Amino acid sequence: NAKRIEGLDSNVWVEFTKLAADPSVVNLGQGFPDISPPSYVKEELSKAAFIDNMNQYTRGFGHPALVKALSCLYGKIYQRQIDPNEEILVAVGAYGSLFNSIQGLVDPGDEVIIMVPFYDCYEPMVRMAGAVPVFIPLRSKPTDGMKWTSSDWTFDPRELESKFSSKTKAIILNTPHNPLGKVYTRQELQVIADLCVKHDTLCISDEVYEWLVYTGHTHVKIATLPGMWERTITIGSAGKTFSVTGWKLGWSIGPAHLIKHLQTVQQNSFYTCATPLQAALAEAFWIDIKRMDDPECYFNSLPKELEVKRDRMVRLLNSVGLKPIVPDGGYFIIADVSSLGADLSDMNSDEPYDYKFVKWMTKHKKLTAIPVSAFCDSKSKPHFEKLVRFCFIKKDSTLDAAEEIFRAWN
């Protein structure tokens, strides 16, 4: 195997699939919506399949109707003009966008800063570019008194500064955050921008859950803050916008001198994406761009629908003493499990507590989730190994089944 990929072949994720495969288990694990996508997104894929041109090659850098749509959607949010051809790249999900950003932008020997826990791909992407990932963790403050929230987690600004050196090329920021659920604040994003103009670094901002933010909270885009347009790549995703995780299209959006470089990676790796998916996506974005100010718009109605279920899953968790972190955004909730009956002494590994615990819960209670340590670099895992992540983008009947289980839990 080539050197750029030694030791990046870990897939503990296929184990979590194996887990979840017995069909008498309720899978609250990987981020797999089992609600219906909005009918019109299904309809449009159908319409596009019957148009010959749609089934043939389309534009390397994104289907013109799709990037036309994106440029006008994000035009409004940025309070800007965004240039469909020089400032957008469409790629194989936000996953491929992150690959474009890092491969195009990051050199052997460079430092990239990653906030732990992270979408787990940040780590092996940076090591593959031959760069050094530099970790700094989120760390919790005292509560309000009532509940534990996403907002109770923060980073220490002075610790952050201490991470930047002349070797820092970039920082990767995920907000709304997976797994925490954290929606970053204008104050938190201002400290990060300060440093990556102070130091002349870039900032890769992964904002695929921009539309999922719940009440009390607002998505702010660091790329909109003074001095950051020049130096930010902000990445979005079809799968999370439109509950269509199987479409696998996403976008990078930033300045031409950076998008250039993403562009060359795409051109030399897979070249173009699928045409019917982009065609149909662009119709769906149109159906929703035009009603942004109504609640019938998917950007509004989905978080409204998911908030109810967030609060339903908090309660369920609380009802067995799994101590939940009510999330500000996204559609995972994390729960401390340690005040549960630590019960795994006879399970023979030095994996982390949470893998062992999730294994046990899957065996005995018939529910699966994901251990937070999966989202941690190896030196950080002990600080996070009693934490476990559940996904709630699910239909009622699934939250029902899970309700069944927690009632009978003791």
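The first residue of the shown sequence is 1; numbering continues from there.
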query	finding
Higher-scoring stretch by recorded Cα B factor average, 138 to 146 or 98 to 106	138 to 146
Mean C-alpha temperature factor, higher of 396 to 404 and 14 to 22	14 to 22
Candidate set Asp200, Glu188, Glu207, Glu296 [ranked by C-alpha B-factor, highest]	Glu296
Residue of maximum C-alpha B factor among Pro371, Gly31, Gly60, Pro64, per deposited coordinates	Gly31
Among modelled residues of the same chain, the CA temperature factor third for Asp336	highest
Chain-relative CA temperature factor third for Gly254	lowest
Chain third (lowest, middle, highest) by recorded CA B-factor, residue given as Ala342	highest
Where the record places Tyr184 (Cα B-factor, split into thirds across the chain)	lowest
CA B-factor ranking of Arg312, expressed as a third of its chain	middle
